[PDB]
Amino acid sequence: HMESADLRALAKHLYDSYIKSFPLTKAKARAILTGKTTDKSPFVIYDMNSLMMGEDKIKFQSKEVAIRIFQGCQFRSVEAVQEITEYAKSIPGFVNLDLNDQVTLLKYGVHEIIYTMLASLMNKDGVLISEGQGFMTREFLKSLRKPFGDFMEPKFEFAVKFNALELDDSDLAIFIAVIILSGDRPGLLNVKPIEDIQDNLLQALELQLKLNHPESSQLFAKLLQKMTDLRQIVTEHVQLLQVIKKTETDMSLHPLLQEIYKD
Amino acid sequence: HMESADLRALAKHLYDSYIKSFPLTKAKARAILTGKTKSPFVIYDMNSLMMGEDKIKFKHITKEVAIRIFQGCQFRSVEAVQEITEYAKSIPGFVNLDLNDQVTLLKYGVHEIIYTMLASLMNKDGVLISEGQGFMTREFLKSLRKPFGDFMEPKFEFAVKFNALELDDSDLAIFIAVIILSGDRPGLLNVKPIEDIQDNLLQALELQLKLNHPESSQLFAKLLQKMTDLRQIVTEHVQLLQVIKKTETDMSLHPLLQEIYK
Ligand SMILES: N#Cc1ccc2c(-c3ccc(C(=O)O)cc3OCc3ccccc3)nn(C(=O)c3c(Cl)cccc3C(F)(F)F)c2c1
């Protein structure tokens, strides 16, 4: 059991590290998506030809479109893993855990966090890309051939519901921390020190939601139930990769991604 | 939103109804499992199974053995569905929902509640059966052949973790109510009143856990995280039925029975 002032300090700590670790925050993404700004407008990719023009205009070749798009998501997921890893090191207590557990927490936690933060870059019509310089429409992603057409749509379905909770970055900073420090991951050696940290983070999240959304009844509980939707999306994604590996033997995963997905 | 006195009234209402709807409560099952009490008849191998049917006359095992046991779980699950249906009618607001939504909430909720309540009858060594008169060991279940051996064990693994929260019946009565009122079930026509009721139940559950477990920090959050463990087991269970349907044709019964068990 922690004191209110210590919980507020923990929330401020975590929000501060989240800003230092993730260059594209939800606040910035919403300013780009909402508009009313001439300096932040993204180039919109909605079909084959505008994708062609996008590489001319956005920048960061002998491949097929759905593959190039898919490989673009792998590259960005690797960057996201790197940012999530840097953030986790700042969670008080995380780096003091057993080394194998640290790896285990990251292995199972990064994807649930990736889809969480991807919701920030999404609205019902598409997703920001290339650090907010681009915007790729949902419809164009859904029209890609083979198994790649269905790849992004579950993420869009989650994002629409998750975004209806109206969380801001300071909420997400604590929520992401709660996800990483899950004591129910398979193969953890010392569940107890992980659960003590998560108990602190849950208290910080509870107080944060009460203060920042005082008129949003049971938001804490509603937010925890969204961790169920994350688990199912991760499973759905993993099964899709298995289909791609057995069909596209031309294609290859980044070693970091390769390791996360083993088991 | 709601006043503390009304949350305690809501909690008391659900407890009373839960006692009337479920004959074998967690308190009673724990008395039987611990030895804090007619000792229940133990099924631990093939031979004690034969004697159990002869002496107790189980209605779910009245064909090959692993199949009979599988079919026995289906019979009991169908009974549990009716008990859960009657309980849901007492949840304030439920019967005033659109009739199709009531059916949708029960349809998708009963499996999660069956597993939740199955944990009340389980310990790490086996499961109570036949309204507490029998006890089937975990080891005997794990030793059933073909896919039936691996059918039973996920339930025990969940039950062991879930039981470590040490909930009692007055906690579970509200938790069960919260599961039923999930506004994210597919095909719901009017989500708003469902989520309105769930907010009241969640408030009642939160206050219940702080009063009944004041030393158990963030138990509310931890119990909500178990709804992830439930959803994953239900999905896993469904996939196992598909595997039995596609391989075990020794399983088809009387067509009338098949309709009862659909
Ligand atoms: N190992 C394993 C195992 C232990 C128990 C069950 C039960 C059960 C659920 C509630 C109750 C209760 O008293 O409230 C008692 C139960 O068992 C009693 C019993 C009877 C005979 C033999 C062994 C046990 N259901 N079930 C299922 O398989 C199942 C589930 Cl969880 C969900 C949906 C459908 C099914 C089903 F269709 F397939 F049956 C169990 C598996």
Side-chain angles (χ1 to χ4, degrees), chain B residues 18 21-26 28-30 32-33 40-44 46 48-50 52-53 56 58-59 61-62 65-87 106-130 132-145 147-160 162-163 169 172 176 179 229-231 233-238 240-241 243-244 248 251 257-258 260-261:
Chain B
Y18 170 104
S21 295
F22 300 107
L24 182 47
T25 63
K26 180 175 183 183
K28 292 204 285 159
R30 286 303 133 177
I32 298 164
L33 292 169
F41 178 104
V42 176
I43 292 148
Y44 57 89
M46 226 65 50
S48 51
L49 175 62
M50 281 188 43
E53 327 190 341
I56 297 170
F58 314 123
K59 212 89 78 178
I61 41 198
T62 45
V65 164
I67 297 167
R68 280 220 321 282
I69 305 197
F70 174 79
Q71 294 168 330
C73 291
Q74 289 181 296
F75 166 99
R76 173 57 195 139
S77 292
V78 163
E79 285 184 312
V81 165
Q82 291 309 128
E83 310 173 358
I84 297 159
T85 300
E86 175 187 309
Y87 177 67
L106 291 180
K107 175 162 96 166
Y108 289 98
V110 286
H111 280 271
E112 292 164 16
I113 295 167
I114 285 165
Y115 280 79
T116 300
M117 290 189 77
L118 184 60
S120 297
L121 315 187
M122 283 181 155
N123 66 26
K124 65 196 210 289
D125 299 312
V127 58
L128 292 175
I129 63 165
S130 182
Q133 301 174 288
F135 178 80
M136 196 164 279
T137 70
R138 183 176 191 175
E139 198 48 67
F140 175 61
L141 291 169
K142 197 166 37 133
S143 71
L144 294 179
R145 61 81 170 180
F148 300 97
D150 305 305
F151 191 75
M152 303 319 174
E153 193 65 8
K155 290 64 156 148
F156 282 111
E157 280 153 4
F158 168 77
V160 153
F162 190 79
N163 285 345
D169 289 303
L172 288 166
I176 288 324
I179 295 174
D229 300 55
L230 283 175
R231 300 246 187 152
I233 296 205
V234 170
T235 54
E236 177 176 350
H237 180 253
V238 157
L240 250 183
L241 301 178
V243 165
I244 287 138
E248 306 291 303
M251 157 183 172
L257 267 197
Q258 265 308 309
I260 298 167
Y261 291 162

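All ligand and atom numbering here is 1-based and tracks the order in the structure. Lettering of chains follows the sequences in order, A, B, ..., and the numbering in each one begins at 1.
Applying the 4.0 Å criterion to heavy atoms of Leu121(B) picks out, from ligand 1, the atoms 12 (C), 13 (O). Heavy-atom proximity to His111(B), at under 4.0 Å, picks out these atoms of ligand 1: 32 (C), 33 (C), 34 (C). Close approach to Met152(B) involves these atoms of ligand 1, each under 4.0 Å from a residue heavy atom: 1 (N), 2 (C), 3 (C), 41 (C). Per-residue contacts place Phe70(B) under 4.0 angstrom from the following atoms of ligand 1 (heavy atoms of the residue considered): 38 (F). Ligand-side atoms of ligand 1 in range of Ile114(B): 9 (C), 10 (C), 31 (Cl), 32 (C), range being under 4.0 angstrom from any heavy atom.
Between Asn123(B) and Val160(B) the shortest side-chain heavy-atom distance does not fall below 4.5 Å.
Panel note: side chain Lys28(B), backbone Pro23(B); a donor-acceptor pair is recorded below 3.5 Å.
Checking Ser77(B) against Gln74(B) by side-chain atom types alone, no donor-acceptor pair falls below 3.5 Å.
Applying the side-chain hydrogen bond (donor to acceptor under 3.5 Å, both in side chains) test to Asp169(B) and every residue at least two apart in sequence or in another chain returns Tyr18(B).
Of all the heavy atoms of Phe58(B), none lies under 4.0 Å from any atom of ligand 1, so neither backbone nor side chain is involved.
For the pair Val127(B) and ligand 1, no heavy-atom separation below 4.0 Å is found. In this structure, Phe75(B) falls outside the shell of residues with a heavy atom less than 4.0 angstrom from ligand 1. Using 4.0 Å as the threshold, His237(B) has a heavy atom nearer than that to some atom of ligand 1.
Taken from CD in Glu83(B) to OG in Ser21(B), the straight-line distance is 8.0 Å, to the nearest 0.5 Å.
Shown are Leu118(B), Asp125(B), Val127(B); of these, the side chain to side chain contact (heavy atoms under 4.5 Å, CB included) with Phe156(B) is made only by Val127(B).
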Check the pair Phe70(B) / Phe151(B) against ring-ring contact (aromatic ring centres under 6.0 Å, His included), numbers first and verdict last.
-> CA-CA 9 Å; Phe70(B) 174 79; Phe151(B) 191 75; 5.0 Å; yes
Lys142(B) and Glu157(B): salt bridge (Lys or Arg N to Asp or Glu O under 4.0 Å), yes or no, with the steps?
-> CA-CA 12 Å; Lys142(B) 197 166 37 133; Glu157(B) 280 153 4; over 6 Å; no
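When the heavy-atom distances from atom 11 (C) of ligand 1 to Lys155(B), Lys142(B), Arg76(B) are ranked, the shortest goes to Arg76(B). Counting only non-hydrogen atoms, the option in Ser120(B), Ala80(B), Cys73(B) that gets closest to atom 39 (F) of ligand 1 is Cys73(B).
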